[PDB]
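For reference, the structure is listed below as structure tokens.
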Amino acid sequence: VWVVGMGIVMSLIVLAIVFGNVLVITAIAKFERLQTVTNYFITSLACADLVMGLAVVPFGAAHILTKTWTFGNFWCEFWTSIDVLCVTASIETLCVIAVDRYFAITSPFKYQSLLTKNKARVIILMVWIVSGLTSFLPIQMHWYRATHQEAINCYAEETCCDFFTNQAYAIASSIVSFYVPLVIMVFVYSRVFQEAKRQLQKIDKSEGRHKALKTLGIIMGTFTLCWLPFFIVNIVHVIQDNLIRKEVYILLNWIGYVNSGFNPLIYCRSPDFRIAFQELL
Ligand SMILES: CN[C@@H]1CCc2c(ccc(O)c2O)[C@H]1O
């Protein structure tokens, strides 16, 4: 009396993610005015989220629902690699956008000289290649496989494949994916908020007759609430053998996936985007 209900929520999540990302992608391609040098990063993030919603989630829901990985044994290694790729690429693209904002605010005159049209392609390719090296190469040739007797059967068994990692791959993946981008974004947005406050205070000197806090709160709260617990539990269950159950890990991992669906609403609400959305439909 519970199988049908949860599948409805899963289908709504999948449909929402796919619809949002497809609309965001088609908006930029359709209209010339929406195109911008900075908007290519949004295109990359939208592509990553669309790939996640097209591949990772629908297959991962079947494992939860039917409780049997009825697909082939070779496929789920590819599935895990795709999941890691789709997480790392999105997080690093968000970090790139934050750094772009810092350059835009803290250096007006020199902003054009630093960033040009062609540099965006190089940055995107570097981000995606770094995402590829951390996921496909270790997963496919099996550095990550654990040595303890448990789960060796599941690696051998065709019906089973669950994530199990040594004490090194978890640390390396967590450091590459989460902590460094978090530090970079924190410092960048701290400086941006300081500059905005300085200007807001300066105006009141010559005008003798809030918004930044709200927007920064939204941007940091969404990302931190989405992704902070997952990497903490990822580190902790590997530092000590038994402190975390599997169900909690699965729940936190699935909560982490909803972020890719919220990105279009967070980052695409400018008047030009609204006009484009109205024009499309
Ligand atoms: C199947 N779930 C995986 C497991 C570990 C992991 C994920 C995402 C990014 C990483 O850097 C990871 O190490 C999760 O999506």
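Listing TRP75, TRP2, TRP227 from fewest to most neighbouring C-beta atoms within 10 Å gives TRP2, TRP75, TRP227. Sorting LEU125, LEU50 by the number of Cβ atoms found within 10 Å of their own Cβ, with the fewest placed first, yields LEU125, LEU50. Rounded to the nearest 20 debye, the dipole magnitude of region 120-201 is 720 debye, with +1 charges on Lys and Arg beta carbons, -1 on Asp and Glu beta carbons, and the Cα centre as origin.
For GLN112 and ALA55, the difference between the fully extended length at 0.36 nm per residue and the C-alpha to C-alpha distance is 16.7 nm. Think of region 1-142 as a dipole: +1 on every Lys or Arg Cβ, -1 on every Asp or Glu Cβ, centred on the Cα centre; then among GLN112, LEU65, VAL24, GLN112 lies furthest on the positive end. Each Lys and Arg adds +1 at its Cβ and each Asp and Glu adds -1 at its Cβ; summed about the Cα centre, the chain shows a dipole of about 1460 debye. Spin-label model, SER190/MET126: points 7 Å from Cα along the beta carbon direction are separated by 2.4 nm. Charge dipole of region 1-127 (Cα centre as origin; +1 on each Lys and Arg Cβ, -1 on each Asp and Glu Cβ, all else neutral): 420 debye, rounded to the nearest 20. Shown in residue order for region 118-124 are the 3J(HN,Hα) couplings computed by the Karplus curve 6.51 cos²θ - 1.76 cosθ + 1.60 at θ = phi - 60°: 6, 5, 4, 4, 5, 5, 5 Hz (x for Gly and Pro). Here the Karplus relation 6.51 cos²θ - 1.76 cosθ + 1.60, evaluated at θ = phi - 60°, turns the backbone of region 213-220 into coupling constants of 4, 5, 5, 5, x, 4, 5, 6 Hz, with x for every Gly and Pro.
For region 3-280, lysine pairs separated by 8 or more sequence positions, or belonging to different chains, with Cα-Cα distances below 24 Å total 12.
Considering only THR36, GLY5, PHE74, and ranking their Cα positions along the charge dipole of region 3-280 that arises from unit charges at the beta-carbon of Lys, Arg, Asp and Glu, the one farthest toward the positive end is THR36. Packing, as the average of other Cβ atoms within 10 Å across residues, places the peptides 105-117, 259-271, 243-255 in the order 259-271, 243-255, 105-117, highest first.
Shown is the FRET efficiency for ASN39 and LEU15, computed with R0 = 35 Å from the Cβ-Cβ distance and rounded to the nearest 0.05: 0.90. Computed FRET efficiency, Cβ-Cβ of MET6 and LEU281, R0 22 Å: what is it to the nearest 0.05? Approximately 0.10, to the nearest 0.05. Using 1/(1 + (r/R0)^6) with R0 = 30 angstrom and r between the beta carbons of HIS142 and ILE255, what's the FRET efficiency to the nearest 0.05? FRET efficiency, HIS142 to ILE255: 0.55. Sorted fewest first by neighbouring Cβ atoms within 10 angstrom, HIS63, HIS142 come out as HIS142, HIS63. Kirkwood hydrodynamic radius of the chain, from the reciprocal of the average inverse Cα-Cα distance over all distinct pairs: 21.1 Å. Subtracting the Cα-Cα distance of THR159 and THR26 from their residue separation scaled by 0.36 nm leaves 43.9 nm.
Counting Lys and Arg as +1 and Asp and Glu as -1 over every other residue whose Cβ lies under 14 Å from the Cβ of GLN199, the net charge comes to +3. Along the Cα-to-C-beta direction of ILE105, a point sits 7 Å from the Cα; which residues of region 223-256 have their amide N less than 18 Å from that point? Those under the cut-off are 223-224.
Quick note: the coordinates plus some simple rules give every number you see, no bench work behind them. A quick note on method: Cβ atoms are made from the backbone with ideal geometry, for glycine too, and the neighbour counts reach across all protein chains shown.
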